Structure formats: C-alpha cells, structure tokens
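an experimental structure, sequence included, is below.
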Amino acid sequence: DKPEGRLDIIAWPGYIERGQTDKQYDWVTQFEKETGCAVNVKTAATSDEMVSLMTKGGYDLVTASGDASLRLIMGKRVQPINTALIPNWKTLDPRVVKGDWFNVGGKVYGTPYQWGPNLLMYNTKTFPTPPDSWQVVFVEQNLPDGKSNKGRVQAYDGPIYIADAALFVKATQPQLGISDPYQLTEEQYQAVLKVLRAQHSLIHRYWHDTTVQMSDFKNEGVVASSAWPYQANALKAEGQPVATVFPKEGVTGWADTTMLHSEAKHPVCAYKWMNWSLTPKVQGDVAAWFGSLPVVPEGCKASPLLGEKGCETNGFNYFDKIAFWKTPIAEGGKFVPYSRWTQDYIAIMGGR
C-alpha cells in the first residue's frame, strides 16, 4: 500500500467534514490536496464506543473526550507526542493547553481540538417561552402545550449521562452534598439512580445516532432532550422549530483531544493532521458547524461561517461553568467507579 497515503480517524459526527454535506464546510479537501493523504473517518457517538474501536486497532487518530482520553492513556492505547513537531502548538488556549485530561506524568497525549456543552434542546412551538430547567426531561409534568412530557423526551444512551442526572439532583436535593458530578458517594449515586429510574418512564428513546435523534424531533413528537449543539444546528438549518438553552442546574460538556494510536501506521500524516486542525480557519469552521468552541482563540475571528459573535454565542466564556466529561474513579473506595455506572445505566435503560 502507498506509504503515508491515508489517515484513519475516529471522530464525533460532524467533526471531520469534506464539503460533501455542505460545500461551504470543508476542512479535509485542502489537507488531502497538500499531503496526498486520503482521510478516512469512522464516526462514533459515545466515548465507550471510541474506547472499544481504539482497543481493536486500525485507526491512526481519535477525537476523544475526557471520559475516553484518560482511559486510553492508562491503557497505553495512545502514544505521547512531541509538541514541537506541531508548529501551531503555541496558539492553543491557555485553558486547555495543559489540561490534565491529556497531560499525564509530564507527557502530552494529543492535540486539543474543540470543546463545548451538552445543552437542553427543545421544540419552540411547545415551549414558546424557553424552558430553564432540566426538570422537563426528568420529572413527569404537563408541558406548556397542555400535554404530558411522558414519551416526548429523550436521554443520552451513554452511561456518562449519569453525570447530567447528578447535576439535576445536586440542584434539587442539595442536602446530599454533591459537588463533582463524576465523583459520587454511594448514597449520592443511589439518589441519582432513583431519579434516572423515574425518568425512564418518560423516555421515548435513549439517543445515540444523531440522525435518529433528529428524526424523533421531526417525526415522533419528541419535544425536549439533552443534545449537542450540532444536532440543534442541523435541525435549525432544515427549518425545524428547535432551539437550545443552558438550564438553571448547569450542564455537562466535553473537551476533545486528537490522540495518536500507539500502533499507528501513518504517524506522519497524523502529525500533519494535528497541526492542520489548529489552523485558525479550520478551528472556526468546525466551531461554526458543530456549535462547539475552538481550542485556538484566533479561530474565533478566522471564520465568517462562525461569524463575529459565534464564539460568544456558542459559549466561549462559559468554559469554567461546564462539568466536563471524565471517567468516574473509585479513589480507593471513596466514590462509585465508572464500571458500576455502565452496569447500572444499562439496567435502567432496560426497565430493569
């Protein structure tokens, strides 16, 4: 096979665009022209899926969130990188450049890519005044159109969703002492599972594929759900009556890092991709498309698609308020580990 001639990337949906969805949105064609390297994207919609794909092998890069990145480093599935081989490294936002989700033991395990929030997405005809609370997806109630929310709301099918419910519980039962929603004592955890068991009766579908989630908002009567800004952008661009809010209990979110597989076949293309991904126009264009935020602050002014006000609107100043995804760890028995999150969330989703 032609050497350094391809690049196999695992990515969130929409993260790698080549102008085939929308001509205007393209940060792959120019890279392929200049490098001679065919970029192959495998899309995945949970960090658990990305962890499994990396473990299996065959991919050069992954755009891992924090609830995958440390799992990949500790599994030695990603290799540390030499940041001096990435000339754009000095343009990274100081808020991400030394993040402990990819800096471990003095080594750098990838290049930051984008970050953003998990928002409350909702139908603006059912909610002519925007909702201000996650309670519309957690607690059975009549919505502003007179009808119950039961069967008309969704929840994310990744077990990391427990952290969302932890933020809801933190706000509505502050006496439990929840602070970090990823590090829950047994008593706090069980309170969150009880809320999720109650939410289950309302759930129309636990969403995973973004196109399927979008079809439910268009064709299956679903009017409220956590989502990424990407899905909101896509429904909006189709003329659907959909918007997003930052609810009063706060939000989770994600900081994503392009990380190099330990056995990568095309490391030279991979390093070229990582440097290319930090160029300011790419950074802004991806933030425009996905509704995320660039990790290169120059990207906030380098993309007309993003616009002058896009970084502010997308939440560039909200960084310190997001509960970013990370893997729950036991810390010697003090907190409930992610293995139990996975078991228990799978059981709740099944009515079990």
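Looks like it came in fine. Residues are numbered from 1 along each chain as shown.

buried residues, stretch 262-272. List them.
Judged by neighbour count (16 or more other C-beta atoms under 10 Å), stretch 262-272 contains these buried residues: 264-267, 269-272. The way it works is simple: take the backbone N, C-alpha and C, and place the C-beta from them, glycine included.

now swap in stretch 133-140 and tell me
Within stretch 133-140, the residues that qualify as buried are 133-138, counting by 16+ other C-beta under 10 Å.

ditto for stretch 232-245
Residues of stretch 232-245 classed as buried under the neighbour-count rule (16+ other C-beta under 10 Å) are 232-235, 240, 242-245.

just the CA coordinates for it, please, in PDB.
Only the C-alpha atoms of stretch 232-245 are listed here, as PDB (Å, rounded to 0.1, in the frame of the first residue of the first chain):
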ATOM      1  CA  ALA A 232     -29.600  21.700  17.100                       C
ATOM      2  CA  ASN A 233     -27.700  23.400  14.200                       C
ATOM      3  CA  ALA A 234     -28.800  20.700  11.800                       C
ATOM      4  CA  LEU A 235     -32.400  20.800  12.700                       C
ATOM      5  CA  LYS A 236     -32.400  24.600  12.600                       C
ATOM      6  CA  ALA A 237     -30.800  24.500   9.100                       C
ATOM      7  CA  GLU A 238     -33.700  22.200   8.000                       C
ATOM      8  CA  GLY A 239     -36.400  24.700   9.100                       C
ATOM      9  CA  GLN A 240     -37.400  22.800  12.200                       C
ATOM     10  CA  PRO A 241     -38.600  24.800  15.200                       C
ATOM     11  CA  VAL A 242     -35.800  23.900  17.600                       C
ATOM     12  CA  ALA A 243     -33.500  25.800  20.000                       C
ATOM     13  CA  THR A 244     -31.200  25.200  22.900                       C
ATOM     14  CA  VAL A 245     -30.800  26.600  26.400                       C
END
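
ok, residues contacting it?
Contact partners of stretch 232-245, identified using C-beta atoms under 8 Å, 6 or more residues apart in numbering, comprise 119-125, 130-132, 210, 214, 217-218, 227, 229, 289-291.

before we move on, what about stretch 308-321?
95, 115-117, 229, 246, 250-251, 284, 287-288, 291-294, 299-301, 303.

surely residue 104 touches residue 73?
Yes. With contact defined as C-beta atoms under 8 Å, residue 104 counts as touching residue 73 (5.3 Å).

higher neighbour count, the two?
Higher neighbour count among residue 104 and residue 73: residue 73, with 24 against 14, using other C-beta atoms under 10 Å.

ok, back up a step: please indicate which of the contacts of stretch 232-245 are buried?
By neighbour count, with 16+ other C-beta under 10 Å, these hold 119-123, 131, 210, 214, 217, 227, 229, 289-291 as buried.
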